[PDB]
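Scroll down for the structure; my scribbles are underneath it.
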Amino acid sequence: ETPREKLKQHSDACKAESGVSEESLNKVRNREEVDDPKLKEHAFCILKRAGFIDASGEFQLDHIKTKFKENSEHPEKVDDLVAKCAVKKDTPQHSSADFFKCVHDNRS
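Its first residue numbered 1, the sequence shown is counted upward by one per residue in mature numbering (1 follows the signal peptide of the UniProt record, and there is no 0).
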């Protein structure tokens, strides 16, 4: 009866296991490269909510490239980088981590 707060939680179900705190994610900021399940898993949890990838795992670069393109400091290399970063892997949840890592580990 009237939630008021309206707890959404981007990873309400992903928290059951993929509850990667601000530890390994922060490491992504630096060129250290850290392998972790909750990390890659948590990412997909945001991708599905962000409105990029579908419940089936179909990558949508047309929407990703446009996002990084429109309003940016140097929008032009993202589109090409999207192809190399959005490489279709054996699973959809995998490619997710590539989005929040590849673009972050891009040489200037």
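Even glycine gets a Cβ: it sits at the ideal position worked out from N, Cα and C.
Cα-Cα separation between residue i and residue j, rounded to whole angstroms
{"i": "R107", "j": "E76", "result": "14 Å"}
{"i": "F100", "j": "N71", "result": "19 Å"}
{"i": "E23", "j": "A43", "result": "14 Å"}
{"i": "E32", "j": "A86", "result": "20 Å"}
{"i": "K65", "j": "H74", "result": "13 Å"}
{"i": "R49", "j": "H10", "result": "7 Å"}
{"i": "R29", "j": "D36", "result": "15 Å"}
{"i": "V103", "j": "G19", "result": "22 Å"}
{"i": "residue 109", "j": "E1", "result": "This structure does not reach residue 109, given that the chain is present from 1 up to 108, and the question cannot be answered."}
{"i": "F59", "j": "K88", "result": "8 Å"}
{"i": "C14", "j": "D80", "result": "31 Å"}
{"i": "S96", "j": "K8", "result": "21 Å"}
Buried versus exposed, by CB contacts within 10 Å (16 or more), residue i
{"i": "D98", "result": "buried"}
{"i": "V82", "result": "buried"}
{"i": "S21", "result": "exposed"}
{"i": "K38", "result": "buried"}
Endpoints, alpha helix (DSSP H) assigned at residue i
{"i": "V78", "result": "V78 to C85"}
{"i": "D98", "result": "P92 to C102"}
{"i": "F44", "result": "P37 to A50"}
{"i": "residue 117", "result": "The requested residue 117 does not occur in the structure, where the chain is confined to residues 1 to 108."}
Residue closest to residue i, alpha-carbon to alpha-carbon, out of the options
{"i": "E17", "options": "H10, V82 and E41", "result": "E41"}
{"i": "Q93", "options": "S56, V34, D105 and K84", "result": "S56"}
Residue i beta carbon near the ligand ADP (any heavy atom closer than 6 Å)
{"i": "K88", "result": "In the structure shown, the ligand ADP is absent, as is every other ligand, since no ligand is present at all."}
Rounded distance between the beta-carbons of residue j and residue i, thought under 8 Å
{"i": "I53", "j": "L61", "result": "Their Cβ separation, rounded to whole angstroms, is 10 Å, which puts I53 and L61 out of contact at 8 Å."}
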